[PDB]
Amino acid sequence: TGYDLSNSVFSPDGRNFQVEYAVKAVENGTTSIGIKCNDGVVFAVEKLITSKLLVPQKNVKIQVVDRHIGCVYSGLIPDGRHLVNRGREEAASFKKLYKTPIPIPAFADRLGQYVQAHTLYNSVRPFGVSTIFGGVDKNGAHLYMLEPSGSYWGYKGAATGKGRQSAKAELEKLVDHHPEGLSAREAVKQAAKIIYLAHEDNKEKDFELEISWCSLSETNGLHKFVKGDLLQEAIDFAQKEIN
Amino acid sequence: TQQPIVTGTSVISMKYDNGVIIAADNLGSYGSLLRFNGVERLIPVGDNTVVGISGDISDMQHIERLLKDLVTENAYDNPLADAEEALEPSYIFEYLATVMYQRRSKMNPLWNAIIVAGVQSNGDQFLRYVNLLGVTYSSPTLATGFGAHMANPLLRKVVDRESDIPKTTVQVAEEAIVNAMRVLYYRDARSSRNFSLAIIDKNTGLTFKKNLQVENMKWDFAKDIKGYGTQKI
């Protein structure tokens, strides 16, 4: 055998074991989710409080690309940052040439082609992150989820990390119970709940909630972090549902 | 090595007790042809800075995009982007001042004279000049092009030195600026009647005024002027 020792090598199955091994690193990471809503998207993430010494609200994991796209990821955090740095270069060179801010499907493929490129050679390692991202453009709201292989799709709801199955199950219920659509302010509250429900799969260390959102009405189409009263309102909503 | 094509004339500005005023007409000249009349040559960066640009308009539009991209880049991984780590006038200027000098040193300048007017986070007035050569200076009054020759003399009658700044109110300062814009309309052949004016105050913030016009002009005496010397009729 030895087919798993080198990246970009096909096993006899037709699989790239190094990419599947990168997925294990993603599965090991903290939970992160994405919820598509009426006129925008909502992102949320589980931040494990390793120690009391961690400064609250000052280890931000969700990243903005351009002014209208939000990105969150699970797995190897530095790999996720590298991907976002690239996204920002891609978005900047798009706006530079075409004037208009980069559309979300266009942006999604820019990351996709870059991550896919890291499964083509043995001199690079695949990305150890699944990236949930999206935003609002001229065609409306879009939510995406990108994996180590370079595979990505459009999603109504997306989840990844150690509590992905718990989150997915809870996401599927929202899609069934809200066929006409979920509002932006509702999605923020739901996002909080789902992170709290998905925290049951990582319950040794207690955690810190972090939420962001793009919405054509609420945030004027721009990416903003959910802070202060709106954040505490969402936390209380989640606290009430677990009990 | 460039030559400017579509050009914008004077930018004028001055400090007053609580902030700064900056103004520039809405004309995009094409040599002697007064080609474009809806040009905005004052560009606000955030809610605390206004960059006034004269000279080549294509290079002005490039600078606009850099400032626009600077705001975006500052927001990245910055929870305090709208607070303590927001863009200051001094940051924005130094960036431009760097770019202008780097381009002149590569013998490929941005053919512009720029005045960055704003108010710092500590409440201090910021007003500084930079041009295509990368030459920088600061003064209670600053002006580009014809404004340097005609506006500055008038504005310096109000604020002649640093100690006159606390004595000058926003009403007086704005009146001098508007007066100067009229004088430039009389005498600058590449100026227009329509202009924009911006006030950055440490209390009331950024007030951006559009579609102003030069008015209260003296033209009546022209009827009495006949010929060029001896002619009586």
# chains A, B, ... in the order shown; residues from 1 in each chain; ligands from 1
$ closest_atom_pairs --of "chain B" --to "chain A" --cutoff "12 Å" --atoms "only C-alpha atoms" --output "Markdown table"
| residue | atom | partner | partner_atom | distance |
| --- | --- | --- | --- | --- |
| B:62 | CA | A:96 | CA | 10.1 |
| B:64 | CA | A:96 | CA | 11.9 |
| B:65 | CA | A:96 | CA | 8.3 |
| B:66 | CA | A:96 | CA | 9.9 |
| B:68 | CA | A:67 | CA | 10.8 |
| B:69 | CA | A:92 | CA | 8.1 |
| B:70 | CA | A:66 | CA | 11.0 |
| B:71 | CA | A:67 | CA | 9.5 |
| B:72 | CA | A:66 | CA | 6.3 |
| B:73 | CA | A:66 | CA | 7.9 |
| B:74 | CA | A:66 | CA | 10.6 |
| B:75 | CA | A:64 | CA | 8.2 |
| B:76 | CA | A:64 | CA | 6.2 |
| B:77 | CA | A:63 | CA | 6.4 |
| B:78 | CA | A:60 | CA | 9.1 |
| B:79 | CA | A:60 | CA | 8.2 |
| B:80 | CA | A:58 | CA | 10.6 |
| B:81 | CA | A:224 | CA | 11.1 |
| B:82 | CA | A:224 | CA | 11.2 |
$ select_by_dssp --residues "segment 19-224 of chain A" --states "strand (DSSP E or B)" --output "PyMOL selection string"
chain A and resi 32-37+40-48+63-65+69-75+129-137+140-146+152-154+157-160+207-215+223-224
$ closest_residue --among "A:142, A:199, A:227, A:162" --to "residue 211 of chain A" --atoms "only C-alpha atoms"
A:227
$ residues_around --residues "segment 35-44 of chain B" --least-positions-apart "6" --cutoff "9 Å" --atoms "only C-alpha atoms" --output "ChimeraX atom specification"
/B:6,8,11,22-29,50-54,57,60,64,67,192,194-198,206,208,210
$ write_last_selection --atoms "C-alpha atoms" --output "PDB file, in the first residue's frame"
ATOM      1  CA  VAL B   6      -8.712  66.011 -17.488  1.00  0.00           C
ATOM      2  CA  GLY B   8      -9.426  69.850 -11.490  1.00  0.00           C
ATOM      3  CA  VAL B  11      -8.691  73.115  -3.548  1.00  0.00           C
ATOM      4  CA  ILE B  22     -12.252  72.337   2.881  1.00  0.00           C
ATOM      5  CA  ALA B  23     -13.750  73.285  -0.489  1.00  0.00           C
ATOM      6  CA  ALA B  24     -13.282  72.576  -4.205  1.00  0.00           C
ATOM      7  CA  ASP B  25     -15.320  73.320  -7.347  1.00  0.00           C
ATOM      8  CA  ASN B  26     -17.116  70.620  -9.319  1.00  0.00           C
ATOM      9  CA  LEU B  27     -15.316  71.126 -12.634  1.00  0.00           C
ATOM     10  CA  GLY B  28     -13.313  68.661 -14.720  1.00  0.00           C
ATOM     11  CA  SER B  29     -11.487  70.773 -17.302  1.00  0.00           C
ATOM     12  CA  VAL B  50     -11.945  64.633   3.847  1.00  0.00           C
ATOM     13  CA  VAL B  51      -9.319  64.416   1.093  1.00  0.00           C
ATOM     14  CA  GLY B  52      -9.419  67.292  -1.408  1.00  0.00           C
ATOM     15  CA  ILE B  53      -7.695  66.566  -4.717  1.00  0.00           C
ATOM     16  CA  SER B  54      -6.710  68.819  -7.620  1.00  0.00           C
ATOM     17  CA  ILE B  57      -8.785  63.435 -12.586  1.00  0.00           C
ATOM     18  CA  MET B  60      -7.801  61.331  -8.616  1.00  0.00           C
ATOM     19  CA  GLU B  64     -10.304  57.354  -4.579  1.00  0.00           C
ATOM     20  CA  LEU B  67      -8.744  55.196  -0.038  1.00  0.00           C
ATOM     21  CA  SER B 192     -16.749  76.902 -12.161  1.00  0.00           C
ATOM     22  CA  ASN B 194     -20.717  75.262  -8.696  1.00  0.00           C
ATOM     23  CA  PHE B 195     -18.720  73.781  -5.820  1.00  0.00           C
ATOM     24  CA  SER B 196     -18.708  71.474  -2.804  1.00  0.00           C
ATOM     25  CA  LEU B 197     -17.746  72.372   0.757  1.00  0.00           C
ATOM     26  CA  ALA B 198     -16.997  70.106   3.722  1.00  0.00           C
ATOM     27  CA  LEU B 206     -18.610  65.596   9.226  1.00  0.00           C
ATOM     28  CA  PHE B 208     -20.689  67.520   3.596  1.00  0.00           C
ATOM     29  CA  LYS B 210     -23.092  69.666  -2.185  1.00  0.00           C
TER      30      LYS B 210
END
$ closest_residue --among "A:168, A:81, A:193, A:185" --to "residue 128 of chain A" --atoms "only C-alpha atoms"
A:81
$ residues_around --residues "residue 75 of chain A" --least-positions-apart "3" --cutoff "10 Å" --atoms "only C-alpha atoms" --output "ChimeraX atom specification"
/A:22-32,78-80,127-131,160-162
$ write_last_selection --atoms "N, CA, C and O atoms" --output "mmCIF file, in the first residue's frame"
data_model
loop_
_atom_site.group_PDB
_atom_site.id
_atom_site.type_symbol
_atom_site.label_atom_id
_atom_site.label_comp_id
_atom_site.auth_asym_id
_atom_site.auth_seq_id
_atom_site.Cartn_x
_atom_site.Cartn_y
_atom_site.Cartn_z
ATOM 1 N N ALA A 22 -7.203 14.954 6.205
ATOM 2 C CA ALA A 22 -7.435 16.363 6.525
ATOM 3 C C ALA A 22 -8.841 16.577 7.084
ATOM 4 O O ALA A 22 -9.040 17.431 7.941
ATOM 5 N N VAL A 23 -9.806 15.799 6.598
ATOM 6 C CA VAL A 23 -11.180 15.857 7.104
ATOM 7 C C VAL A 23 -11.226 15.464 8.581
ATOM 8 O O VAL A 23 -11.991 16.042 9.351
ATOM 9 N N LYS A 24 -10.402 14.498 8.978
ATOM 10 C CA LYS A 24 -10.323 14.087 10.383
ATOM 11 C C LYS A 24 -9.916 15.258 11.285
ATOM 12 O O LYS A 24 -10.413 15.389 12.405
ATOM 13 N N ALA A 25 -9.020 16.109 10.787
ATOM 14 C CA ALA A 25 -8.606 17.314 11.511
ATOM 15 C C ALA A 25 -9.747 18.323 11.629
ATOM 16 O O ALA A 25 -9.834 19.054 12.616
ATOM 17 N N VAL A 26 -10.608 18.362 10.615
ATOM 18 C CA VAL A 26 -11.795 19.219 10.630
ATOM 19 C C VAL A 26 -12.810 18.688 11.640
ATOM 20 O O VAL A 26 -13.351 19.448 12.445
ATOM 21 N N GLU A 27 -13.062 17.382 11.586
ATOM 22 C CA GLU A 27 -13.977 16.718 12.518
ATOM 23 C C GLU A 27 -13.540 16.906 13.973
ATOM 24 O O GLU A 27 -14.374 16.947 14.878
ATOM 25 N N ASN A 28 -12.232 17.018 14.182
ATOM 26 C CA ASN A 28 -11.663 17.239 15.510
ATOM 27 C C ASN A 28 -11.889 18.661 16.042
ATOM 28 O O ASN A 28 -11.850 18.885 17.251
ATOM 29 N N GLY A 29 -12.130 19.612 15.141
ATOM 30 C CA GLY A 29 -12.281 21.021 15.516
ATOM 31 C C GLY A 29 -13.601 21.360 16.186
ATOM 32 O O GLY A 29 -14.463 20.496 16.356
ATOM 33 N N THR A 30 -13.760 22.630 16.559
ATOM 34 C CA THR A 30 -14.978 23.101 17.232
ATOM 35 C C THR A 30 -16.113 23.271 16.228
ATOM 36 O O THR A 30 -15.880 23.332 15.023
ATOM 37 N N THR A 31 -17.340 23.353 16.733
ATOM 38 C CA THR A 31 -18.518 23.456 15.875
ATOM 39 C C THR A 31 -18.667 24.867 15.307
ATOM 40 O O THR A 31 -18.469 25.856 16.012
ATOM 41 N N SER A 32 -19.004 24.944 14.021
ATOM 42 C CA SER A 32 -19.342 26.205 13.367
ATOM 43 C C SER A 32 -20.491 25.968 12.391
ATOM 44 O O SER A 32 -20.546 24.926 11.734
ATOM 45 N N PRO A 78 -5.116 28.285 11.702
ATOM 46 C CA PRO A 78 -4.195 28.978 10.794
ATOM 47 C C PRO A 78 -4.471 28.720 9.308
ATOM 48 O O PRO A 78 -4.359 29.642 8.500
ATOM 49 N N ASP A 79 -4.820 27.482 8.958
ATOM 50 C CA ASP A 79 -5.191 27.142 7.575
ATOM 51 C C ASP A 79 -6.391 27.962 7.103
ATOM 52 O O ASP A 79 -6.431 28.421 5.959
ATOM 53 N N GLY A 80 -7.367 28.136 7.990
ATOM 54 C CA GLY A 80 -8.536 28.956 7.698
ATOM 55 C C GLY A 80 -8.178 30.410 7.448
ATOM 56 O O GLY A 80 -8.752 31.048 6.569
ATOM 57 N N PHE A 127 -5.885 21.556 2.780
ATOM 58 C CA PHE A 127 -6.341 22.427 3.861
ATOM 59 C C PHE A 127 -7.044 21.624 4.948
ATOM 60 O O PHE A 127 -7.883 20.769 4.658
ATOM 61 N N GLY A 128 -6.690 21.902 6.200
ATOM 62 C CA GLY A 128 -7.298 21.235 7.348
ATOM 63 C C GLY A 128 -8.471 22.009 7.916
ATOM 64 O O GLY A 128 -8.584 22.169 9.134
ATOM 65 N N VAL A 129 -9.346 22.488 7.033
ATOM 66 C CA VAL A 129 -10.536 23.236 7.436
ATOM 67 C C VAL A 129 -11.700 23.008 6.479
ATOM 68 O O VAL A 129 -11.505 22.872 5.271
ATOM 69 N N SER A 130 -12.904 22.946 7.039
ATOM 70 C CA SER A 130 -14.127 23.115 6.265
ATOM 71 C C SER A 130 -14.600 24.536 6.527
ATOM 72 O O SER A 130 -14.747 24.934 7.681
ATOM 73 N N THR A 131 -14.826 25.296 5.461
ATOM 74 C CA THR A 131 -15.140 26.716 5.574
ATOM 75 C C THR A 131 -16.596 26.994 5.221
ATOM 76 O O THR A 131 -17.025 26.735 4.100
ATOM 77 N N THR A 160 -20.347 22.207 10.457
ATOM 78 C CA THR A 160 -19.125 21.406 10.452
ATOM 79 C C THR A 160 -18.431 21.486 11.807
ATOM 80 O O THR A 160 -18.654 22.423 12.569
ATOM 81 N N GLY A 161 -17.589 20.499 12.094
ATOM 82 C CA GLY A 161 -16.888 20.411 13.373
ATOM 83 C C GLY A 161 -17.294 19.176 14.155
ATOM 84 O O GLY A 161 -17.889 18.248 13.602
ATOM 85 N N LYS A 162 -16.981 19.169 15.447
ATOM 86 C CA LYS A 162 -17.211 17.993 16.288
ATOM 87 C C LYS A 162 -18.695 17.740 16.565
ATOM 88 O O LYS A 162 -19.100 16.594 16.765
#
$ closest_residue --among "A:174, A:33, A:188, A:69" --to "residue 236 of chain A" --atoms "only C-alpha atoms"
A:188
$ residues_around --residues "residue 133 of chain B" --least-positions-apart "3" --cutoff "12 Å" --atoms "only C-alpha atoms" --output "list in words"
residues 96, 97, 98, 99, 100, 101, 102, 103, 104, 105, 106, 107, 108, 109, 110, 111, 112, 113, 114, 129, 130 and 136 of chain B
$ atom_distance --atom1 "atom CA of residue 123 of chain B" --atom2 "atom CA of residue 202 of chain B"
5.7 Å
$ residues_around --residues "residue 207 of chain B" --least-positions-apart "4" --cutoff "10 Å" --atoms "only C-alpha atoms" --output "PyMOL selection string"
chain B and resi 21+47-48+197-201
$ closest_residue --among "B:30, B:186, B:137, B:219" --to "residue 94 of chain B" --atoms "only C-alpha atoms"
B:137
$ closest_residue --among "A:229, A:15, A:197, A:141" --to "residue 242 of chain A" --atoms "only C-alpha atoms"
A:197
$ select_by_dssp --residues "segment 77-224 of chain B" --states "alpha helix (DSSP H)" --output "number ranges by chain"
B: 89-105, 146-156, 170-187
$ atom_distance --atom1 "atom CA of residue 139 of chain B" --atom2 "atom CA of residue 173 of chain B"
14.8 Å
$ atom_distance --atom1 "atom CA of residue 222 of chain A" --atom2 "atom CA of residue 209 of chain B"
25.9 Å
$ decode --residues "segment 47-171 of chain B" --atoms "C-alpha atoms" --output "mmCIF file, in the first residue's frame"
data_model
loop_
_atom_site.group_PDB
_atom_site.id
_atom_site.type_symbol
_atom_site.label_atom_id
_atom_site.label_comp_id
_atom_site.auth_asym_id
_atom_site.auth_seq_id
_atom_site.Cartn_x
_atom_site.Cartn_y
_atom_site.Cartn_z
ATOM 1 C CA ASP B 47 -16.626 60.207 9.398
ATOM 2 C CA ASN B 48 -13.536 62.234 10.382
ATOM 3 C CA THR B 49 -11.459 62.964 7.241
ATOM 4 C CA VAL B 50 -11.945 64.633 3.847
ATOM 5 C CA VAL B 51 -9.319 64.416 1.093
ATOM 6 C CA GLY B 52 -9.419 67.292 -1.408
ATOM 7 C CA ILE B 53 -7.695 66.566 -4.717
ATOM 8 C CA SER B 54 -6.710 68.819 -7.620
ATOM 9 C CA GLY B 55 -4.807 68.006 -10.806
ATOM 10 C CA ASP B 56 -5.341 64.992 -13.073
ATOM 11 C CA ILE B 57 -8.785 63.435 -12.586
ATOM 12 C CA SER B 58 -7.881 59.912 -13.780
ATOM 13 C CA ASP B 59 -5.225 59.873 -11.040
ATOM 14 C CA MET B 60 -7.801 61.331 -8.616
ATOM 15 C CA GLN B 61 -10.075 58.371 -9.420
ATOM 16 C CA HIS B 62 -7.171 55.988 -8.762
ATOM 17 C CA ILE B 63 -6.572 57.659 -5.377
ATOM 18 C CA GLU B 64 -10.304 57.354 -4.579
ATOM 19 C CA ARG B 65 -10.069 53.606 -5.101
ATOM 20 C CA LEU B 66 -6.977 53.343 -2.860
ATOM 21 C CA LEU B 67 -8.744 55.196 -0.038
ATOM 22 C CA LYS B 68 -11.846 53.049 -0.552
ATOM 23 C CA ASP B 69 -9.663 49.926 -0.397
ATOM 24 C CA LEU B 70 -7.840 51.317 2.673
ATOM 25 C CA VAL B 71 -11.120 51.467 4.631
ATOM 26 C CA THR B 72 -11.882 47.845 3.673
ATOM 27 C CA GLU B 73 -8.402 46.632 4.658
ATOM 28 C CA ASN B 74 -8.572 48.471 7.996
ATOM 29 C CA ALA B 75 -11.822 46.656 8.831
ATOM 30 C CA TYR B 76 -10.213 43.211 8.364
ATOM 31 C CA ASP B 77 -9.641 41.385 11.671
ATOM 32 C CA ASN B 78 -10.382 44.634 13.490
ATOM 33 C CA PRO B 79 -13.195 44.588 16.087
ATOM 34 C CA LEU B 80 -12.438 48.254 16.856
ATOM 35 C CA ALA B 81 -12.664 49.412 13.211
ATOM 36 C CA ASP B 82 -15.463 51.858 14.086
ATOM 37 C CA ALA B 83 -13.843 52.958 17.376
ATOM 38 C CA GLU B 84 -10.223 53.060 18.686
ATOM 39 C CA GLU B 85 -8.626 51.465 15.598
ATOM 40 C CA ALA B 86 -10.576 53.548 13.064
ATOM 41 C CA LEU B 87 -8.686 55.420 10.342
ATOM 42 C CA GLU B 88 -7.196 58.751 11.422
ATOM 43 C CA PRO B 89 -6.507 61.699 9.086
ATOM 44 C CA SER B 90 -2.801 61.387 9.937
ATOM 45 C CA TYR B 91 -2.791 57.705 8.890
ATOM 46 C CA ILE B 92 -4.602 58.459 5.627
ATOM 47 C CA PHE B 93 -2.270 61.362 4.822
ATOM 48 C CA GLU B 94 0.986 59.537 5.565
ATOM 49 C CA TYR B 95 -0.180 56.663 3.352
ATOM 50 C CA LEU B 96 -0.888 59.070 0.478
ATOM 51 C CA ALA B 97 2.333 61.004 1.173
ATOM 52 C CA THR B 98 4.247 57.717 0.937
ATOM 53 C CA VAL B 99 2.552 56.755 -2.343
ATOM 54 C CA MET B 100 3.073 60.198 -3.923
ATOM 55 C CA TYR B 101 6.813 60.222 -3.154
ATOM 56 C CA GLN B 102 7.301 56.576 -4.224
ATOM 57 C CA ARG B 103 5.676 57.412 -7.577
ATOM 58 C CA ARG B 104 7.773 60.567 -8.142
ATOM 59 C CA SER B 105 10.866 58.525 -7.275
ATOM 60 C CA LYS B 106 9.873 55.989 -9.960
ATOM 61 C CA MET B 107 9.534 58.919 -12.435
ATOM 62 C CA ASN B 108 5.826 58.169 -12.857
ATOM 63 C CA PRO B 109 3.917 60.552 -10.586
ATOM 64 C CA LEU B 110 0.272 60.847 -9.651
ATOM 65 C CA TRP B 111 -0.236 64.301 -11.175
ATOM 66 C CA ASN B 112 -2.057 65.794 -8.184
ATOM 67 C CA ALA B 113 -2.006 68.274 -5.347
ATOM 68 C CA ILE B 114 -3.785 66.819 -2.329
ATOM 69 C CA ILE B 115 -5.033 68.385 0.906
ATOM 70 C CA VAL B 116 -6.060 66.000 3.690
ATOM 71 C CA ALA B 117 -8.392 67.825 6.084
ATOM 72 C CA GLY B 118 -9.748 66.151 9.211
ATOM 73 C CA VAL B 119 -10.012 65.885 12.994
ATOM 74 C CA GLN B 120 -7.908 63.410 15.001
ATOM 75 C CA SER B 121 -9.330 61.109 17.701
ATOM 76 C CA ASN B 122 -8.010 63.413 20.461
ATOM 77 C CA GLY B 123 -9.896 66.384 18.943
ATOM 78 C CA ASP B 124 -6.895 68.039 17.250
ATOM 79 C CA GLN B 125 -7.335 69.648 13.836
ATOM 80 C CA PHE B 126 -5.458 67.970 10.991
ATOM 81 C CA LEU B 127 -4.635 69.859 7.804
ATOM 82 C CA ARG B 128 -1.714 68.886 5.565
ATOM 83 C CA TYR B 129 -0.707 69.199 1.906
ATOM 84 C CA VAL B 130 1.024 66.779 -0.443
ATOM 85 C CA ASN B 131 1.664 66.877 -4.196
ATOM 86 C CA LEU B 132 3.048 64.975 -7.222
ATOM 87 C CA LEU B 133 6.645 65.626 -6.048
ATOM 88 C CA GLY B 134 5.905 64.125 -2.623
ATOM 89 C CA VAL B 135 6.433 67.557 -1.056
ATOM 90 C CA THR B 136 4.513 67.884 2.210
ATOM 91 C CA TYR B 137 3.692 70.880 4.389
ATOM 92 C CA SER B 138 1.133 72.067 6.928
ATOM 93 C CA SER B 139 -0.339 75.498 7.732
ATOM 94 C CA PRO B 140 -3.489 77.083 9.276
ATOM 95 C CA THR B 141 -4.578 77.759 5.676
ATOM 96 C CA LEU B 142 -3.712 75.532 2.715
ATOM 97 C CA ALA B 143 -4.575 75.881 -0.957
ATOM 98 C CA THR B 144 -3.637 74.387 -4.340
ATOM 99 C CA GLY B 145 -3.206 75.936 -7.794
ATOM 100 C CA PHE B 146 -4.646 79.453 -8.120
ATOM 101 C CA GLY B 147 -5.986 79.097 -4.564
ATOM 102 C CA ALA B 148 -2.409 79.334 -3.291
ATOM 103 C CA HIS B 149 -2.047 82.726 -5.000
ATOM 104 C CA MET B 150 -5.499 84.218 -4.309
ATOM 105 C CA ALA B 151 -7.312 82.282 -1.568
ATOM 106 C CA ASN B 152 -4.424 82.011 0.915
ATOM 107 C CA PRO B 153 -3.948 85.810 1.103
ATOM 108 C CA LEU B 154 -7.649 86.202 1.964
ATOM 109 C CA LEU B 155 -7.764 83.242 4.360
ATOM 110 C CA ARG B 156 -4.549 84.379 6.099
ATOM 111 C CA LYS B 157 -6.234 87.713 6.911
ATOM 112 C CA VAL B 158 -8.541 85.627 9.142
ATOM 113 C CA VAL B 159 -6.031 83.068 10.512
ATOM 114 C CA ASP B 160 -2.574 84.621 10.096
ATOM 115 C CA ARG B 161 -0.924 82.354 12.687
ATOM 116 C CA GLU B 162 -1.547 79.467 15.122
ATOM 117 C CA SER B 163 -2.938 81.718 17.889
ATOM 118 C CA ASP B 164 -5.734 82.990 15.590
ATOM 119 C CA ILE B 165 -7.257 79.478 15.266
ATOM 120 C CA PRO B 166 -9.125 79.417 18.630
ATOM 121 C CA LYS B 167 -10.454 82.928 17.881
ATOM 122 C CA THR B 168 -11.972 81.881 14.531
ATOM 123 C CA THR B 169 -15.522 80.487 14.531
ATOM 124 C CA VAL B 170 -17.064 78.138 11.949
ATOM 125 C CA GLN B 171 -19.317 80.965 10.700
#
